file coords_1.pdb (PDB, C-alpha atoms and all ligand atoms)
ATOM      1  CA  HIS A   1     -12.778  11.016  74.577  1.00  0.00           C
ATOM      2  CA  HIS A   2     -13.209   7.447  73.342  1.00  0.00           C
ATOM      3  CA  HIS A   3     -12.684   4.942  70.497  1.00  0.00           C
ATOM      4  CA  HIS A   4     -14.857   5.998  67.528  1.00  0.00           C
ATOM      5  CA  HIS A   5     -17.312   3.074  67.166  1.00  0.00           C
ATOM      6  CA  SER A   6     -17.994   1.751  63.665  1.00  0.00           C
ATOM      7  CA  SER A   7     -18.665  -1.974  64.080  1.00  0.00           C
ATOM      8  CA  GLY A   8     -21.349  -3.442  61.834  1.00  0.00           C
ATOM      9  CA  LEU A   9     -22.345  -5.929  64.567  1.00  0.00           C
ATOM     10  CA  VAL A  10     -25.646  -5.459  66.389  1.00  0.00           C
ATOM     11  CA  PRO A  11     -25.721  -6.236  70.174  1.00  0.00           C
ATOM     12  CA  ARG A  12     -27.144  -9.669  71.193  1.00  0.00           C
ATOM     13  CA  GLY A  13     -29.599 -10.810  73.869  1.00  0.00           C
ATOM     14  CA  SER A  14     -33.287 -11.455  74.317  1.00  0.00           C
ATOM     15  CA  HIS A  15     -34.290 -10.222  77.786  1.00  0.00           C
ATOM     16  CA  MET A  16     -35.049  -6.554  76.759  1.00  0.00           C
ATOM     17  CA  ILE A  17     -38.201  -4.640  75.771  1.00  0.00           C
ATOM     18  CA  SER A  18     -37.879  -1.631  73.423  1.00  0.00           C
ATOM     19  CA  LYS A  19     -41.569  -1.197  72.566  1.00  0.00           C
ATOM     20  CA  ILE A  20     -44.846  -2.082  74.314  1.00  0.00           C
ATOM     21  CA  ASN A  21     -47.764  -2.953  72.061  1.00  0.00           C
ATOM     22  CA  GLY A  22     -51.351  -3.436  73.144  1.00  0.00           C
ATOM     23  CA  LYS A  23     -50.917  -7.132  73.973  1.00  0.00           C
ATOM     24  CA  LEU A  24     -47.877  -6.505  76.195  1.00  0.00           C
ATOM     25  CA  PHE A  25     -49.824  -3.745  77.970  1.00  0.00           C
ATOM     26  CA  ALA A  26     -52.758  -6.173  78.344  1.00  0.00           C
ATOM     27  CA  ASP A  27     -50.368  -8.714  79.850  1.00  0.00           C
ATOM     28  CA  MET A  28     -49.084  -6.057  82.289  1.00  0.00           C
ATOM     29  CA  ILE A  29     -52.690  -5.300  83.321  1.00  0.00           C
ATOM     30  CA  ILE A  30     -53.546  -8.962  83.718  1.00  0.00           C
ATOM     31  CA  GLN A  31     -50.470  -9.861  85.743  1.00  0.00           C
ATOM     32  CA  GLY A  32     -50.745  -6.687  87.819  1.00  0.00           C
ATOM     33  CA  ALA A  33     -54.347  -7.536  88.540  1.00  0.00           C
ATOM     34  CA  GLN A  34     -53.485 -11.092  89.538  1.00  0.00           C
ATOM     35  CA  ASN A  35     -50.644 -10.006  91.822  1.00  0.00           C
ATOM     36  CA  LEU A  36     -52.979  -7.500  93.534  1.00  0.00           C
ATOM     37  CA  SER A  37     -55.704 -10.118  93.924  1.00  0.00           C
ATOM     38  CA  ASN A  38     -53.205 -12.484  95.559  1.00  0.00           C
ATOM     39  CA  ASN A  39     -52.305  -9.744  98.063  1.00  0.00           C
ATOM     40  CA  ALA A  40     -55.772  -8.289  98.673  1.00  0.00           C
ATOM     41  CA  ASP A  41     -56.257  -9.738 102.144  1.00  0.00           C
ATOM     42  CA  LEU A  42     -52.948  -8.362 103.281  1.00  0.00           C
ATOM     43  CA  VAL A  43     -53.628  -4.960 101.795  1.00  0.00           C
ATOM     44  CA  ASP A  44     -57.058  -4.948 103.528  1.00  0.00           C
ATOM     45  CA  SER A  45     -55.493  -5.698 106.890  1.00  0.00           C
ATOM     46  CA  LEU A  46     -52.987  -2.806 106.528  1.00  0.00           C
ATOM     47  CA  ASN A  47     -55.753  -0.238 106.083  1.00  0.00           C
ATOM     48  CA  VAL A  48     -55.793   2.428 108.814  1.00  0.00           C
ATOM     49  CA  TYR A  49     -56.323   5.746 106.903  1.00  0.00           C
ATOM     50  CA  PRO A  50     -58.676   7.473 106.732  1.00  0.00           C
ATOM     51  CA  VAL A  51     -60.595   4.740 108.667  1.00  0.00           C
ATOM     52  CA  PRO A  52     -59.394   1.167 109.567  1.00  0.00           C
ATOM     53  CA  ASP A  53     -62.295  -0.421 107.704  1.00  0.00           C
ATOM     54  CA  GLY A  54     -60.489  -3.462 106.317  1.00  0.00           C
ATOM     55  CA  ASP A  55     -61.128  -2.859 102.644  1.00  0.00           C
ATOM     56  CA  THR A  56     -58.242  -1.290 100.705  1.00  0.00           C
ATOM     57  CA  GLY A  57     -57.241  -4.533  99.066  1.00  0.00           C
ATOM     58  CA  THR A  58     -60.795  -5.534  98.268  1.00  0.00           C
ATOM     59  CA  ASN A  59     -61.524  -2.104  96.855  1.00  0.00           C
ATOM     60  CA  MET A  60     -58.393  -2.010  94.692  1.00  0.00           C
ATOM     61  CA  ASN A  61     -58.860  -5.622  93.588  1.00  0.00           C
ATOM     62  CA  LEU A  62     -62.450  -5.081  92.532  1.00  0.00           C
ATOM     63  CA  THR A  63     -61.477  -1.934  90.644  1.00  0.00           C
ATOM     64  CA  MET A  64     -58.509  -3.513  88.903  1.00  0.00           C
ATOM     65  CA  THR A  65     -60.502  -6.652  88.133  1.00  0.00           C
ATOM     66  CA  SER A  66     -63.122  -4.543  86.308  1.00  0.00           C
ATOM     67  CA  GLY A  67     -60.347  -3.115  84.170  1.00  0.00           C
ATOM     68  CA  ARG A  68     -58.825  -6.560  83.596  1.00  0.00           C
ATOM     69  CA  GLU A  69     -62.159  -8.072  82.577  1.00  0.00           C
ATOM     70  CA  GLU A  70     -62.755  -5.382  79.970  1.00  0.00           C
ATOM     71  CA  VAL A  71     -59.234  -5.891  78.612  1.00  0.00           C
ATOM     72  CA  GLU A  72     -59.464  -9.667  78.400  1.00  0.00           C
ATOM     73  CA  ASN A  73     -62.741  -9.396  76.462  1.00  0.00           C
ATOM     74  CA  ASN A  74     -61.380  -6.729  74.082  1.00  0.00           C
ATOM     75  CA  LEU A  75     -57.722  -7.210  73.234  1.00  0.00           C
ATOM     76  CA  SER A  76     -55.905  -5.179  70.575  1.00  0.00           C
ATOM     77  CA  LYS A  77     -52.395  -4.784  69.201  1.00  0.00           C
ATOM     78  CA  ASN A  78     -52.935  -0.995  69.423  1.00  0.00           C
ATOM     79  CA  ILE A  79     -51.846   0.181  72.867  1.00  0.00           C
ATOM     80  CA  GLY A  80     -53.937   3.345  72.744  1.00  0.00           C
ATOM     81  CA  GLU A  81     -57.118   1.409  72.016  1.00  0.00           C
ATOM     82  CA  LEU A  82     -56.287  -1.182  74.705  1.00  0.00           C
ATOM     83  CA  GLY A  83     -55.748   1.652  77.155  1.00  0.00           C
ATOM     84  CA  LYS A  84     -59.174   3.123  76.377  1.00  0.00           C
ATOM     85  CA  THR A  85     -60.666  -0.285  77.172  1.00  0.00           C
ATOM     86  CA  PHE A  86     -58.706  -0.594  80.417  1.00  0.00           C
ATOM     87  CA  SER A  87     -59.555   2.965  81.493  1.00  0.00           C
ATOM     88  CA  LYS A  88     -63.250   2.436  80.874  1.00  0.00           C
ATOM     89  CA  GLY A  89     -63.302  -0.764  82.904  1.00  0.00           C
ATOM     90  CA  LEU A  90     -61.543   0.849  85.862  1.00  0.00           C
ATOM     91  CA  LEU A  91     -63.721   3.971  85.868  1.00  0.00           C
ATOM     92  CA  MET A  92     -66.993   2.019  85.745  1.00  0.00           C
ATOM     93  CA  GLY A  93     -65.735  -0.265  88.607  1.00  0.00           C
ATOM     94  CA  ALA A  94     -63.919   2.100  90.967  1.00  0.00           C
ATOM     95  CA  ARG A  95     -64.553   1.478  94.656  1.00  0.00           C
ATOM     96  CA  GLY A  96     -63.364   3.304  97.733  1.00  0.00           C
ATOM     97  CA  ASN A  97     -60.775   5.971  98.097  1.00  0.00           C
ATOM     98  CA  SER A  98     -58.068   3.620  96.832  1.00  0.00           C
ATOM     99  CA  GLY A  99     -59.995   2.255  93.854  1.00  0.00           C
ATOM    100  CA  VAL A 100     -61.089   5.764  92.784  1.00  0.00           C
ATOM    101  CA  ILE A 101     -57.488   6.972  92.985  1.00  0.00           C
ATOM    102  CA  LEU A 102     -56.211   3.887  91.129  1.00  0.00           C
ATOM    103  CA  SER A 103     -58.762   4.461  88.329  1.00  0.00           C
ATOM    104  CA  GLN A 104     -57.694   8.126  88.054  1.00  0.00           C
ATOM    105  CA  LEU A 105     -53.968   7.274  87.931  1.00  0.00           C
ATOM    106  CA  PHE A 106     -54.654   4.923  85.058  1.00  0.00           C
ATOM    107  CA  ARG A 107     -57.162   7.254  83.373  1.00  0.00           C
ATOM    108  CA  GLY A 108     -54.365   9.819  83.016  1.00  0.00           C
ATOM    109  CA  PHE A 109     -51.788   7.157  82.026  1.00  0.00           C
ATOM    110  CA  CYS A 110     -54.049   5.797  79.286  1.00  0.00           C
ATOM    111  CA  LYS A 111     -55.181   9.191  78.015  1.00  0.00           C
ATOM    112  CA  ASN A 112     -51.484  10.089  77.453  1.00  0.00           C
ATOM    113  CA  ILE A 113     -51.081   7.179  74.976  1.00  0.00           C
ATOM    114  CA  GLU A 114     -54.530   7.142  73.385  1.00  0.00           C
ATOM    115  CA  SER A 115     -53.253   7.745  69.800  1.00  0.00           C
ATOM    116  CA  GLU A 116     -50.225   5.417  70.063  1.00  0.00           C
ATOM    117  CA  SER A 117     -49.905   1.894  68.697  1.00  0.00           C
ATOM    118  CA  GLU A 118     -46.879   1.088  70.780  1.00  0.00           C
ATOM    119  CA  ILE A 119     -44.838   2.995  73.383  1.00  0.00           C
ATOM    120  CA  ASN A 120     -41.167   3.221  74.300  1.00  0.00           C
ATOM    121  CA  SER A 121     -39.552   3.682  77.701  1.00  0.00           C
ATOM    122  CA  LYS A 122     -39.759   7.483  77.622  1.00  0.00           C
ATOM    123  CA  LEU A 123     -43.448   7.472  76.844  1.00  0.00           C
ATOM    124  CA  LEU A 124     -44.036   4.798  79.529  1.00  0.00           C
ATOM    125  CA  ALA A 125     -42.427   7.182  82.038  1.00  0.00           C
ATOM    126  CA  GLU A 126     -44.354  10.166  80.726  1.00  0.00           C
ATOM    127  CA  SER A 127     -47.596   8.173  81.097  1.00  0.00           C
ATOM    128  CA  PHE A 128     -46.910   7.388  84.743  1.00  0.00           C
ATOM    129  CA  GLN A 129     -46.332  11.105  85.268  1.00  0.00           C
ATOM    130  CA  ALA A 130     -49.557  12.034  83.438  1.00  0.00           C
ATOM    131  CA  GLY A 131     -51.444   9.620  85.691  1.00  0.00           C
ATOM    132  CA  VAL A 132     -50.032  11.278  88.849  1.00  0.00           C
ATOM    133  CA  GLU A 133     -51.217  14.656  87.567  1.00  0.00           C
ATOM    134  CA  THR A 134     -54.728  13.329  86.913  1.00  0.00           C
ATOM    135  CA  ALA A 135     -54.997  11.635  90.299  1.00  0.00           C
ATOM    136  CA  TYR A 136     -53.762  14.656  92.300  1.00  0.00           C
ATOM    137  CA  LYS A 137     -56.266  16.875  90.472  1.00  0.00           C
ATOM    138  CA  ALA A 138     -59.111  14.372  91.175  1.00  0.00           C
ATOM    139  CA  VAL A 139     -58.594  14.391  94.967  1.00  0.00           C
ATOM    140  CA  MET A 140     -59.921  17.568  96.565  1.00  0.00           C
ATOM    141  CA  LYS A 141     -57.533  17.464  99.530  1.00  0.00           C
ATOM    142  CA  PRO A 142     -54.513  15.264  98.763  1.00  0.00           C
ATOM    143  CA  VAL A 143     -52.684  13.850 101.798  1.00  0.00           C
ATOM    144  CA  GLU A 144     -49.057  12.748 101.717  1.00  0.00           C
ATOM    145  CA  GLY A 145     -47.848   9.341 102.870  1.00  0.00           C
ATOM    146  CA  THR A 146     -50.387   7.647 100.617  1.00  0.00           C
ATOM    147  CA  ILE A 147     -50.942   6.011  97.216  1.00  0.00           C
ATOM    148  CA  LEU A 148     -50.503   9.493  95.701  1.00  0.00           C
ATOM    149  CA  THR A 149     -47.055   9.866  97.254  1.00  0.00           C
ATOM    150  CA  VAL A 150     -45.922   6.437  96.064  1.00  0.00           C
ATOM    151  CA  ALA A 151     -47.247   7.052  92.541  1.00  0.00           C
ATOM    152  CA  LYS A 152     -45.540  10.478  92.380  1.00  0.00           C
ATOM    153  CA  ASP A 153     -42.187   9.157  93.556  1.00  0.00           C
ATOM    154  CA  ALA A 154     -42.443   6.212  91.149  1.00  0.00           C
ATOM    155  CA  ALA A 155     -43.175   8.525  88.207  1.00  0.00           C
ATOM    156  CA  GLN A 156     -40.313  10.893  88.956  1.00  0.00           C
ATOM    157  CA  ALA A 157     -37.996   7.856  89.102  1.00  0.00           C
ATOM    158  CA  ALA A 158     -39.398   6.715  85.805  1.00  0.00           C
ATOM    159  CA  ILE A 159     -38.805  10.092  84.082  1.00  0.00           C
ATOM    160  CA  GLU A 160     -35.223  10.302  85.341  1.00  0.00           C
ATOM    161  CA  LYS A 161     -34.275   6.699  84.441  1.00  0.00           C
ATOM    162  CA  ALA A 162     -35.986   6.602  81.044  1.00  0.00           C
ATOM    163  CA  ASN A 163     -33.895   9.527  79.885  1.00  0.00           C
ATOM    164  CA  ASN A 164     -30.917   7.043  79.545  1.00  0.00           C
ATOM    165  CA  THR A 165     -32.628   3.581  79.643  1.00  0.00           C
ATOM    166  CA  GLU A 166     -34.285   2.173  76.470  1.00  0.00           C
ATOM    167  CA  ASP A 167     -35.100  -1.193  78.089  1.00  0.00           C
ATOM    168  CA  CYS A 168     -38.556  -1.156  79.678  1.00  0.00           C
ATOM    169  CA  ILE A 169     -37.625  -4.135  81.919  1.00  0.00           C
ATOM    170  CA  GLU A 170     -34.708  -2.247  83.475  1.00  0.00           C
ATOM    171  CA  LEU A 171     -36.872   0.870  83.692  1.00  0.00           C
ATOM    172  CA  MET A 172     -39.695  -0.961  85.491  1.00  0.00           C
ATOM    173  CA  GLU A 173     -37.215  -2.612  87.868  1.00  0.00           C
ATOM    174  CA  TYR A 174     -35.920   0.831  88.862  1.00  0.00           C
ATOM    175  CA  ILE A 175     -39.491   2.194  89.208  1.00  0.00           C
ATOM    176  CA  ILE A 176     -40.210  -0.642  91.645  1.00  0.00           C
ATOM    177  CA  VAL A 177     -37.083  -0.012  93.708  1.00  0.00           C
ATOM    178  CA  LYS A 178     -37.973   3.658  94.016  1.00  0.00           C
ATOM    179  CA  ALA A 179     -41.713   3.005  94.615  1.00  0.00           C
ATOM    180  CA  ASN A 180     -40.731   0.613  97.403  1.00  0.00           C
ATOM    181  CA  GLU A 181     -38.492   3.229  98.969  1.00  0.00           C
ATOM    182  CA  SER A 182     -41.388   5.701  98.844  1.00  0.00           C
ATOM    183  CA  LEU A 183     -43.790   3.159 100.334  1.00  0.00           C
ATOM    184  CA  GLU A 184     -41.366   2.422 103.208  1.00  0.00           C
ATOM    185  CA  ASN A 185     -41.164   6.181 103.860  1.00  0.00           C
ATOM    186  CA  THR A 186     -44.972   6.677 104.032  1.00  0.00           C
ATOM    187  CA  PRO A 187     -45.017   6.356 107.897  1.00  0.00           C
ATOM    188  CA  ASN A 188     -42.710   9.387 108.048  1.00  0.00           C
ATOM    189  CA  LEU A 189     -45.384  11.505 106.321  1.00  0.00           C
ATOM    190  CA  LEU A 190     -48.679  10.165 107.784  1.00  0.00           C
ATOM    191  CA  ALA A 191     -48.699   9.883 111.567  1.00  0.00           C
ATOM    192  CA  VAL A 192     -51.216   7.066 111.982  1.00  0.00           C
ATOM    193  CA  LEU A 193     -49.037   4.754 109.853  1.00  0.00           C
ATOM    194  CA  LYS A 194     -46.061   5.160 112.154  1.00  0.00           C
ATOM    195  CA  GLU A 195     -48.212   4.925 115.294  1.00  0.00           C
ATOM    196  CA  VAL A 196     -49.756   1.645 114.165  1.00  0.00           C
ATOM    197  CA  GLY A 197     -46.579   0.306 112.572  1.00  0.00           C
ATOM    198  CA  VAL A 198     -47.738  -0.172 108.949  1.00  0.00           C
ATOM    199  CA  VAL A 199     -47.005   1.239 105.518  1.00  0.00           C
ATOM    200  CA  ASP A 200     -49.803   2.828 103.518  1.00  0.00           C
ATOM    201  CA  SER A 201     -52.314   0.219 102.275  1.00  0.00           C
ATOM    202  CA  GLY A 202     -53.131   2.055  99.033  1.00  0.00           C
ATOM    203  CA  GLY A 203     -49.450   2.394  98.249  1.00  0.00           C
ATOM    204  CA  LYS A 204     -48.907  -1.291  98.960  1.00  0.00           C
ATOM    205  CA  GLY A 205     -51.700  -2.205  96.547  1.00  0.00           C
ATOM    206  CA  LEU A 206     -50.125  -0.008  93.865  1.00  0.00           C
ATOM    207  CA  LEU A 207     -46.765  -1.734  94.373  1.00  0.00           C
ATOM    208  CA  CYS A 208     -48.472  -5.068  93.884  1.00  0.00           C
ATOM    209  CA  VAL A 209     -49.772  -3.855  90.484  1.00  0.00           C
ATOM    210  CA  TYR A 210     -46.331  -2.603  89.494  1.00  0.00           C
ATOM    211  CA  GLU A 211     -44.680  -5.882  90.431  1.00  0.00           C
ATOM    212  CA  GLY A 212     -47.099  -7.677  88.111  1.00  0.00           C
ATOM    213  CA  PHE A 213     -46.289  -5.178  85.361  1.00  0.00           C
ATOM    214  CA  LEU A 214     -42.645  -6.255  85.636  1.00  0.00           C
ATOM    215  CA  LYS A 215     -43.524  -9.929  85.487  1.00  0.00           C
ATOM    216  CA  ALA A 216     -45.384  -9.344  82.252  1.00  0.00           C
ATOM    217  CA  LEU A 217     -42.516  -7.344  80.750  1.00  0.00           C
ATOM    218  CA  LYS A 218     -40.290 -10.381  81.439  1.00  0.00           C
ATOM    219  CA  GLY A 219     -42.806 -12.662  79.647  1.00  0.00           C
ATOM    220  CA  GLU A 220     -43.701 -14.339  82.906  1.00  0.00           C
ATOM    221  CA  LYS A 221     -46.916 -15.093  84.785  1.00  0.00           C
ATOM    222  CA  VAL A 222     -47.882 -14.449  88.369  1.00  0.00           C
TER     223      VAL A 222
HETATM  224  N1  LIG A 301     -56.929  12.362 100.764  1.00  0.00           N
HETATM  225  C1  LIG A 301     -56.206  11.357 100.303  1.00  0.00           C
HETATM  226  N2  LIG A 301     -55.051  11.607  99.627  1.00  0.00           N
HETATM  227  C2  LIG A 301     -54.322  10.589  99.168  1.00  0.00           C
HETATM  228  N3  LIG A 301     -54.553   9.266  99.283  1.00  0.00           N
HETATM  229  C3  LIG A 301     -55.679   9.028 100.003  1.00  0.00           C
HETATM  230  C4  LIG A 301     -56.531  10.005 100.514  1.00  0.00           C
HETATM  231  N4  LIG A 301     -57.603   9.394 101.182  1.00  0.00           N
HETATM  232  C5  LIG A 301     -57.346   8.086 101.076  1.00  0.00           C
HETATM  233  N5  LIG A 301     -56.216   7.800 100.336  1.00  0.00           N
HETATM  234  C6  LIG A 301     -55.611   6.530  99.967  1.00  0.00           C
HETATM  235  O1  LIG A 301     -56.635   5.570 100.093  1.00  0.00           O
HETATM  236  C7  LIG A 301     -56.163   4.486 100.934  1.00  0.00           C
HETATM  237  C8  LIG A 301     -57.322   3.892 101.696  1.00  0.00           C
HETATM  238  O2  LIG A 301     -58.168   3.278 100.632  1.00  0.00           O
HETATM  239  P1  LIG A 301     -59.561   2.628 101.029  1.00  0.00           P
HETATM  240  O3  LIG A 301     -59.394   1.727 102.224  1.00  0.00           O
HETATM  241  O4  LIG A 301     -60.065   2.040  99.751  1.00  0.00           O
HETATM  242  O5  LIG A 301     -60.410   3.883 101.497  1.00  0.00           O
HETATM  243  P2  LIG A 301     -61.884   3.968 102.178  1.00  0.00           P
HETATM  244  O6  LIG A 301     -62.184   2.544 102.770  1.00  0.00           O
HETATM  245  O7  LIG A 301     -61.662   5.023 103.236  1.00  0.00           O
HETATM  246  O8  LIG A 301     -62.828   4.357 101.010  1.00  0.00           O
HETATM  247  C9  LIG A 301     -55.137   5.119 101.841  1.00  0.00           C
HETATM  248  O9  LIG A 301     -54.246   4.149 102.429  1.00  0.00           O
HETATM  249  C10 LIG A 301     -54.454   6.111 100.877  1.00  0.00           C
HETATM  250  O10 LIG A 301     -53.496   5.452 100.038  1.00  0.00           O
HETATM  251 MG    MG A 302     -64.111   1.797 103.075  1.00  0.00          MG
HETATM  252 MG    MG A 303     -60.684   1.445 103.786  1.00  0.00          MG
HETATM  253 MG    MG A 304     -45.718  13.463  73.138  1.00  0.00          MG
HETATM  254 MG    MG A 305     -40.139  12.461  95.240  1.00  0.00          MG
HETATM  255 MG    MG A 306     -32.217  -7.145  82.626  1.00  0.00          MG
END
call {"tool": "encode", "arguments": {"input": "coords_1.pdb", "output": "structure tokens"}}
result
Amino acid sequence: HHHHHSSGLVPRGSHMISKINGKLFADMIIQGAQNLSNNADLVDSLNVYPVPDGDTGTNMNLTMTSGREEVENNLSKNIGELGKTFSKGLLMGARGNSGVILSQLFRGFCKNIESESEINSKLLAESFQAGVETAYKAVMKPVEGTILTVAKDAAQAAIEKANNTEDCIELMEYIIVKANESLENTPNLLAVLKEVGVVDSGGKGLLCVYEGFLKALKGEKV
């Protein structure tokens, strides 16, 4: 096969994340929230399904902001506890189809890690997948080409990649690539999107959250 490795040296470098504690998850929430808020007017204008009522971005932003506010007032090193705080804030602030779905995605994500103090890349992936399950079960009649589709494709990318990727930065980068591909495909699933010439507004809002998650993993601010 290969050279048998036996070196006592430990690999170098700083730009990698092995474990996510409660303050890194808080930073992901905060930066995700801020990135969404900065894009809310755009996400509103994209809204066409089920009605073109100009509100997806507002709805998602208000929902996410409720979660963020609870987090910022109640930080913890324990990721499971921080997730309970985030979940509660989303669920007591969910607005619209998109904000309800967002709160259910993150309810299932957070429930999956409730007893953890920190998570690794595999459990980050598993938590995205748990959130997709929760959200699909919450919606009586799921429709494809939507925030659900983008979340599901993102979580299956996460599962696959995490199996051989310990770095949560590299994992989240891949999740975003694959979530973007799914978002760009939404008009091929939901007719009104292709007729109007837009991607799904809920899916776009979710991408905005994920992009902020990556900024936080890199130790950066939106
Ligand atoms: N049945 C559904 N299945 C999946 N996603 C849905 C469904 N209904 C709505 N959505 C999502 O919600 C987004 C619209 O959110 P929003 O504008 O907040 O809804 P509304 O103003 O109709 O309450 C859609 O672009 C889509 O992502
Ligand atoms: Mg509405
Ligand atoms: Mg709307
Ligand atoms: Mg387990
Ligand atoms: Mg898929
Ligand atoms: Mg890197």
call {"tool": "residues_near_ligand", "arguments": {"input": "coords_1.pdb", "ligand": "ligand MG 306 (chain A)", "cutoff": "10 Å", "atoms": "only C-alpha atoms and all ligand atoms", "output": "JSON, numbers by chain"}}
result
{"A": [13, 14, 15, 16, 17, 167, 168, 169, 170, 171, 173, 218]}
call {"tool": "atom_distance", "arguments": {"input": "coords_1.pdb", "atom1": "atom MG of ligand MG 302 (chain A)", "atom2": "atom CA of residue 64 of chain A"}}
result
16.1 Å
call {"tool": "closest_atom_pairs", "arguments": {"input": "coords_1.pdb", "of": "chain A", "to": "ligand MG 304 (chain A)", "cutoff": "12 Å", "atoms": "all atoms listed in the file", "output": "CSV"}}
result
residue,atom,partner,partner_atom,distance
A:111,CA,A:MG304,MG,11.5
A:112,CA,A:MG304,MG,8.0
A:113,CA,A:MG304,MG,8.5
A:114,CA,A:MG304,MG,10.8
A:115,CA,A:MG304,MG,10.0
A:116,CA,A:MG304,MG,9.7
A:119,CA,A:MG304,MG,10.5
A:120,CA,A:MG304,MG,11.3
A:122,CA,A:MG304,MG,9.6
A:123,CA,A:MG304,MG,7.4
A:124,CA,A:MG304,MG,10.9
A:125,CA,A:MG304,MG,11.4
A:126,CA,A:MG304,MG,8.4
A:127,CA,A:MG304,MG,9.7
A:130,CA,A:MG304,MG,11.1
call {"tool": "closest_residue", "arguments": {"input": "coords_1.pdb", "among": "A:217, A:150, A:139, A:100", "to": "ligand MG 303 (chain A)", "atoms": "all atoms listed in the file"}}
result
A:100
call {"tool": "residues_around", "arguments": {"input": "coords_1.pdb", "residues": "residue 199 of chain A", "least_positions_apart": "6", "cutoff": "10 Å", "atoms": "all atoms listed in the file", "output": "NGL selection string"}}
result
:A and (43 or 46-48 or 145-146 or 182-188 or 190 or 192-193)
call {"tool": "closest_residue", "arguments": {"input": "coords_1.pdb", "among": "A:95, A:137, A:107, A:194", "to": "ligand MG 302 (chain A)", "atoms": "only C-alpha atoms and all ligand atoms"}}
result
A:95
call {"tool": "resolve_selection", "arguments": {"input": "coords_1.pdb", "expression": "the PyMOL selection byres (((not hetatm)) within 10 of (chain A and resi 302))", "output": "ChimeraX atom specification"}}
result
/A:44,47,49-56,58-59,95-98
call {"tool": "resolve_selection", "arguments": {"input": "coords_1.pdb", "expression": "the PyMOL selection byres (((not hetatm)) within 12 of (chain A and resi 305))", "output": "list in words"}}
result
residues 129, 132, 144, 145, 148, 149, 150, 151, 152, 153, 154, 155, 156, 157, 158, 159, 160, 175, 178, 179, 181, 182, 183, 185 and 186 of chain A
call {"tool": "write_last_selection", "arguments": {"input": "coords_1.pdb", "atoms": "C-alpha atoms", "output": "PDB file, in the coordinates of the input"}}
result
ATOM      1  CA  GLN A 129     -46.332  11.105  85.268  1.00  0.00           C
ATOM      2  CA  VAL A 132     -50.032  11.278  88.849  1.00  0.00           C
ATOM      3  CA  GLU A 144     -49.057  12.748 101.717  1.00  0.00           C
ATOM      4  CA  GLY A 145     -47.848   9.341 102.870  1.00  0.00           C
ATOM      5  CA  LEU A 148     -50.503   9.493  95.701  1.00  0.00           C
ATOM      6  CA  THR A 149     -47.055   9.866  97.254  1.00  0.00           C
ATOM      7  CA  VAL A 150     -45.922   6.437  96.064  1.00  0.00           C
ATOM      8  CA  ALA A 151     -47.247   7.052  92.541  1.00  0.00           C
ATOM      9  CA  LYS A 152     -45.540  10.478  92.380  1.00  0.00           C
ATOM     10  CA  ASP A 153     -42.187   9.157  93.556  1.00  0.00           C
ATOM     11  CA  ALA A 154     -42.443   6.212  91.149  1.00  0.00           C
ATOM     12  CA  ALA A 155     -43.175   8.525  88.207  1.00  0.00           C
ATOM     13  CA  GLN A 156     -40.313  10.893  88.956  1.00  0.00           C
ATOM     14  CA  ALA A 157     -37.996   7.856  89.102  1.00  0.00           C
ATOM     15  CA  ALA A 158     -39.398   6.715  85.805  1.00  0.00           C
ATOM     16  CA  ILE A 159     -38.805  10.092  84.082  1.00  0.00           C
ATOM     17  CA  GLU A 160     -35.223  10.302  85.341  1.00  0.00           C
ATOM     18  CA  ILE A 175     -39.491   2.194  89.208  1.00  0.00           C
ATOM     19  CA  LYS A 178     -37.973   3.658  94.016  1.00  0.00           C
ATOM     20  CA  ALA A 179     -41.713   3.005  94.615  1.00  0.00           C
ATOM     21  CA  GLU A 181     -38.492   3.229  98.969  1.00  0.00           C
ATOM     22  CA  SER A 182     -41.388   5.701  98.844  1.00  0.00           C
ATOM     23  CA  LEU A 183     -43.790   3.159 100.334  1.00  0.00           C
ATOM     24  CA  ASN A 185     -41.164   6.181 103.860  1.00  0.00           C
ATOM     25  CA  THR A 186     -44.972   6.677 104.032  1.00  0.00           C
TER      26      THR A 186
END
call {"tool": "residues_near_point", "arguments": {"input": "coords_1.pdb", "point": "(-49.0, 2.9, 98.2)", "cutoff": "7 Å", "atoms": "all atoms listed in the file", "output": "ChimeraX atom specification"}}
result
/A:146-147,150,183,200-207
call {"tool": "closest_residue", "arguments": {"input": "coords_1.pdb", "among": "A:99, A:66, A:3, A:82", "to": "ligand MG 303 (chain A)", "atoms": "only C-alpha atoms and all ligand atoms"}}
result
A:99
call {"tool": "residues_around", "arguments": {"input": "coords_1.pdb", "residues": "residue 219 of chain A", "least_positions_apart": "5", "cutoff": "10 Å", "atoms": "all atoms listed in the file", "output": "PyMOL selection string"}}
result
chain A and resi 15+24+27-28+214
call {"tool": "closest_residue", "arguments": {"input": "coords_1.pdb", "among": "A:25, A:110, A:57, A:93", "to": "ligand MG 303 (chain A)", "atoms": "only C-alpha atoms and all ligand atoms"}}
result
A:57
call {"tool": "closest_residue", "arguments": {"input": "coords_1.pdb", "among": "A:29, A:21, A:9, A:196", "to": "residue 216 of chain A", "atoms": "all atoms listed in the file"}}
result
A:29
call {"tool": "residues_around", "arguments": {"input": "coords_1.pdb", "residues": "residue 33 of chain A", "least_positions_apart": "5", "cutoff": "8 Å", "atoms": "all atoms listed in the file", "output": "PyMOL selection string"}}
result
chain A and resi 61+64-65+68+209+212
call {"tool": "atom_distance", "arguments": {"input": "coords_1.pdb", "atom1": "atom CA of residue 20 of chain A", "atom2": "atom CA of residue 69 of chain A"}}
result
20.1 Å
